[PDB]
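Chains as they are written, first to last, in the authors' numbering: chain A, 999 to 1227; chain B, 999 to 1227; chain C, 999 to 1227; chain D, 999 to 1227. Structure, as structure tokens:
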Ligand SMILES: CCCCCCCCCCCCO[C@@H]1O[C@H](CO)[C@@H](O[C@H]2O[C@H](CO)[C@@H](O)[C@H](O)[C@H]2O)[C@H](O)[C@H]1O
Ligand SMILES: CCCCCCCCCCCCO[C@@H]1O[C@H](CO)[C@@H](O[C@H]2O[C@H](CO)[C@@H](O)[C@H](O)[C@H]2O)[C@H](O)[C@H]1O
Ligand SMILES: CCCCCCCCCCCCO[C@@H]1O[C@H](CO)[C@@H](O[C@H]2O[C@H](CO)[C@@H](O)[C@H](O)[C@H]2O)[C@H](O)[C@H]1O
Ligand SMILES: CCCCCCCCCCCCO[C@@H]1O[C@H](CO)[C@@H](O[C@H]2O[C@H](CO)[C@@H](O)[C@H](O)[C@H]2O)[C@H](O)[C@H]1O
Ligand SMILES: [Ca+2]
């Protein structure tokens, strides 16, 4: 169309995409100030008014660029994200949870979508994630199995830490991060169950070894790429 | 045999091995629910009945596939494991410790045996372990030597941490993981023995250095393999 | 000039640059003793007298070598540093903050400027920093976004940790370092907000993954250099 | 000599060196039991008698093999070690400190000297240490500079942590290991000095970055060796 091409050379234009990047950064400062109580008592109104100005601007633009690109728009990871955070954003406050108001703050991630240098590095990081899946598999299972013995051994006498399969899952996640694993968990346990270290000193070893391998794994696969290039 | 070949094309068949993978996952959910007290009051019976249905199914199948494969079955790492967790499983409750009931939960690791993609990655992880043996050697010795001085210096005045060669071994294992090493151990010690940091700041250095090397070691040996391939 | 060349073969001479390296090390021992209260009661005077002897010596030499090298001197990173720590040093005590007196202690970093082997390794370390910028970018943004939800969710009931966008930034920096993240932060939170782990167990994962990549990233880029050499 | 060659084919013989490896392991078990109080009340005598049997055996053998090898013996790292732990060992108890009795326990490291596979890996680990010297240099200096400001800023109001240049050095060593750096140090400080995070959040960054580089450094230098081989 003699206009469909005038609409595309608008949307696909630099100024338009660079414009909503200046409207991203102007909004991220606003979210920053809006947490201030002092700022909110004075400049609260402008702000909440400013916040409606943008959301129609984006719904304008999410409408424009979904028209420009029709059904291709919907098989794009970045675009779908922009659709699903604007959508999230459009449903208003005091309806349902208000946790959605705090989730609205995800729309800042658009700056990663809109900025190419940023979508590059995010594609790097995600490019890594298929290779580690089998380890994440094995690993999840391993946690599962130990959550179950740990509950079965300790949940009745240590209910804050092991009375639930999830309570155990969590504590175990923490012990893996080595976070007060001894003085705060294993050591308190050996006051009652004195051979508790048999369960944890092995558990630490396996998940640390598995981690070390997971990482050497990334570093070797990052290397097949260099020699191949 | 005109049947030994009908028994092999059963056992070695996809549906049969994929069948006991669906009987693995159905059992792992059951172990999950069985930790719940609510679930156990209602659906306890079905469950404990379900648990006997499987164990005869596996002892059926561990019998079948030990017949199909005779004495080869017994020099296979995965198969031996399946024999030794089913065996563990067959001895019943309220005999000996009941810690064996919690050890029964190891039979979930069959999912790593039955799933090829999973036995692949487990063979990777174990493939690594010969190379690090000399470091694990040196390392064990080093811990040993320090357990002995640490007991000899601190066990009489700090018996929860150093009165035993093992008590020391453990605390030292913990200090290596940097887990409250200072605010919870070395610092409390310098209230009595003020030059205790002479023992620990060196000890941290050596075991951290040895670890860093152990890891660079894995990463270099993972590299001889790439250029060789 | 028949003297400009006699001034250059002084400044650019070994003995002159090696001289102010012996005047660096003599001064760093002095700063060391000067923290002692005993030393300061006796040898305080000599010392504070000694400290004025050097600062005129350096302002002598910073004047000489800025003359020898005119405006080239001012586009050199090491030289500019030497200018800006001597300058810092020249403004005296009891004027403004006295935090500048503690900042005077930065002039020890001249030993890294004056010693080539040392400016080599510092140029290595800084040589690394362009490549990680996009990750430091993404990363800063990510922290920002979570500071804002974390304040919005927890600052009213946990003001020491989340009542400020910065208070949150800090706590979050700490949680990233895994430092009492559970027993000291997330666990205290679940006494009031029981699904707080939904915010933190994801947050730990993302920033740990991003870190692992940041590091594998350094190691791969250090490798393009070897094959290229 | 018609005997100097009979003395060398003794010392240099397998059985002789393998003999004192069985006398090493028999002694290391003895040190292990000797920490037990029960064992020492019964079998104490045998033991302390056993301990004199070996020390003359080694002084026999350290005499033999210093004769076999004359002055070459004294420029060998492993041999010198064996001389200097036996020497340490020969001076008896209740003279000077008794800390030397606990230092006698170092003679177990002979097992690393006597076992080739073990002296191999120890030579690997030490082979690494020249390359990191410039970083250990820079690093020591950096710690030094911060010890001095940290004392100058905090030692008067926090004397257990910063009243000494060494007290500071230690605390700083601990903060580097991230060990309760926040909840136990920086956080307690901001109750008095509220912009203390300006000193520590930078300090953590620099020493973590320097560490990451130190390690990528080992991994790259371990790689020049592979392509060169
Ligand atoms: C952008 C999308 C991101 C999707 C994220 C995908 C999840 C990836 C899982 C990686 C994170 C696992 O979570 C984290 O793993 C590290 C591995 O460094 C482990 O952490 C522990 O062991 C490793 C051993 O290698 C050490 O490096 C680390 O210092 C220690 O704390 C813990 O298990 C946990 O802190
Ligand atoms: C599937 C079978 C598995 C068999 C397991 C074989 C055991 C292998 C030993 C490796 C585990 C040693 O146990 C663990 O080692 C790590 C090394 O990362 C050390 O951990 C500490 O030092 C290292 C330095 O490299 C850091 O990476 C780590 O963050 C820190 O906590 C501790 O010593 C201990 O937490
Ligand atoms: C000389 C000038 C220096 C300029 C400094 C530039 C800043 C560079 C940023 C690197 C430092 C980031 O700060 C530090 O990052 C490490 C990454 O190891 C993270 O630390 C955590 O995760 C990583 C996972 O890789 C683990 O290695 C580490 O043991 C764990 O504590 C934390 O986020 C923080 O402790
Ligand atoms: C056999 C002789 C041995 C001689 C020993 C020579 C000393 C070598 C110095 C290396 C040890 C430095 O001491 C240790 O360094 C590690 C680096 O992993 C740092 O540790 C911290 O930062 C690093 C970042 O890389 C992380 O890997 C680590 O999990 C974290 O705790 C600390 O600074 C200290 O725990
Ligand atoms: Ca900790």
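Where a beta carbon is used, it is the ideal one built from N, C-alpha and C, also for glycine.
> Which full runs of the alpha helix (DSSP H) of 4+ residues lie inside the region 1080 to 1120 of chain D, going along the chain?
Replying inline: Inside the region 1080 to 1120 of chain D, DSSP marks whole alpha helix (DSSP H) runs of 4 or more residues at positions 1097 to 1101 and 1108 to 1112, from first to last along the chain.
> Got a sec: is the Cβ-Cβ distance from residue 1112 of chain C to anything in chain D below 8 angstroms?
Replying inline: no
> Within this structure, are the beta carbons of residue 1115 of chain C and residue 1077 of chain D separated by less than 8 angstroms?
Replying inline: no
>> Suppose contacts are defined by Cβ-Cβ distances below 8 angstroms. Is residue 1047 of chain A in contact with residue 1143 of chain C by that definition?
In response: no
>> Looking at chain D, is there any beta carbon in it that lies within less than 8 angstroms of the beta carbon of residue 1093 of chain B?
In response: no
> Do you know offhand how far residue 1021 of chain A's Cα is from residue 1055 of chain A's?
Replying inline: 9 angstroms
> At which residues does the alpha helix (DSSP H) containing residue 1235 of chain D begin and terminate?
Replying inline: One cannot answer for residue 1235 of chain D here, as it falls past the ends of chain D, which runs 999 to 1227.
> Heavy atom of ligand 2 less than 7 angstroms from the Cβ of residue 1207 of chain A, yes or no?
Replying inline: yes
>> Strictly under 8 angstroms for the Cβ-Cβ distance: is residue 1015 of chain D near chain C by that measure?
In response: no
>> Please tell me whether residue 1167 of chain D and residue 1141 of chain D are closer than 8 angstroms, where the distance is taken between their beta carbons.
In response: yes
> residue 1149 of chain C versus chain A: which residues are under 7 angstroms apart at the beta carbon?
Replying inline: By Cβ distance, chain A contributes 1033.
> Given a threshold of 16 other Cβ atoms within 10 Å of its Cβ, counted over all protein chains shown, does residue 1111 of chain D qualify as buried or as exposed?
Replying inline: buried
> Helix, strand or coil: how does DSSP classify residue 1219 of chain C here?
Replying inline: helix
> Any chance the CB of residue 1204 of chain C is under 7 angstroms from a heavy atom of ligand 1?
Replying inline: yes
> Under a three-way DSSP split, which group does residue 1176 of chain A fall into?
Replying inline: coil
> For the alpha helix (DSSP H) that contains residue 1016 of chain A, what are its first and last residues?
Replying inline: 1012 to 1032
>> Let's test the definition: count the other Cβ atoms within 10 Å of the Cβ of residue 1103 of chain B and tell me whether it reaches 16, buried, or not, exposed.
In response: buried
> Where residue 1225 of chain D and residue 1033 of chain B are concerned, what is the direct C-alpha to C-alpha distance, given to the nearest angstrom?
Replying inline: 55 angstroms
> Could you give the uninterrupted runs of the alpha helix (DSSP H) lying entirely in the region 1127 to 1179 of chain A, keeping only those of 4 residues or more?
Replying inline: 1131 to 1152, 1157 to 1160 and 1163 to 1174
> Taking the C-alpha atoms as reference points, what is the distance between residue 1164 of chain A and residue 1145 of chain A?
Replying inline: 8 angstroms
> So is residue 1106 of chain A in contact with chain C if we call contact Cβ pairs under 8 angstroms?
Replying inline: yes
> Roughly how many whole angstroms lie between the Cα atoms of residue 1173 of chain B and residue 1178 of chain A?
Replying inline: 11 angstroms
>> Between which residues of its own chain and residue 1194 of chain B is the CB-CB distance below 7 angstroms, once the five residues before and five after are set aside?
In response: The residues are 1184, 1187 and 1188.
>> Against residue 1076 of chain B, what residues of chain D qualify as contacts under a CB-to-CB distance less than 8 angstroms, listed in chain order?
In response: Those within 8 angstroms of residue 1076 of chain B in chain D number zero; the least Cβ separation is about 31 angstroms.
>> For ligand 3, I want to know if residue 1175 of chain C counts as a neighbour, meaning its beta carbon is within less than 7 angstroms of at least one of the ligand's heavy atoms.
In response: yes
> Who are the neighbours of residue 1178 of chain C on chain D, taking C-beta pairs under 9 angstroms?
Replying inline: 1178, 1180, 1181 and 1182
> So, residue 1147 of chain A versus residue 1100 of chain B, is the Cβ gap smaller than 8 angstroms?
Replying inline: yes
> Just the Cα atoms here: how many angstroms apart are residue 1066 of chain D and residue 1002 of chain D?
Replying inline: 7 angstroms
> Mapping DSSP to helix, strand and coil, what is residue 1200 of chain B?
Replying inline: Helix.
>> Closer than 7 angstroms to a non-hydrogen atom of ligand 3 - does that hold for the CB of residue 1139 of chain C?
In response: Not so, every heavy atom of ligand 3 lies at least 7 angstroms from the Cβ.
> Could you give the distance in angstroms between the alpha-carbon of residue 1081 of chain A and the alpha-carbon of residue 1176 of chain A?
Replying inline: 40 angstroms
> Taking Cβ to Cβ, would you say residue 1025 of chain A is nearer than 8 angstroms to residue 1126 of chain B?
Replying inline: no
>> So, at 7 angstroms on beta carbons, what are the nonlocal neighbours of residue 1060 of chain D in its own chain, with the 5 sequence-adjacent residues on each side left out?
In response: Residues 1080, 1081 and 1084 of the same chain have their beta carbon placed closer than 7 angstroms to that of residue 1060 of chain D, with the five preceding and five following residues left out of the count.
> To which residues of the same chain is residue 1053 of chain C closer than 8 angstroms at the C-beta, ignoring the five residues directly before and after it?
Replying inline: 1084, 1087 and 1088
> How is the alpha helix (DSSP H) around residue 1002 of chain D delimited, first residue to last?
Replying inline: 1002 to 1009
> Apart from the five residues just before and just after residue 1219 of chain B, which ones in its own chain have a Cβ nearer than 7 angstroms to its Cβ?
Replying inline: 1129
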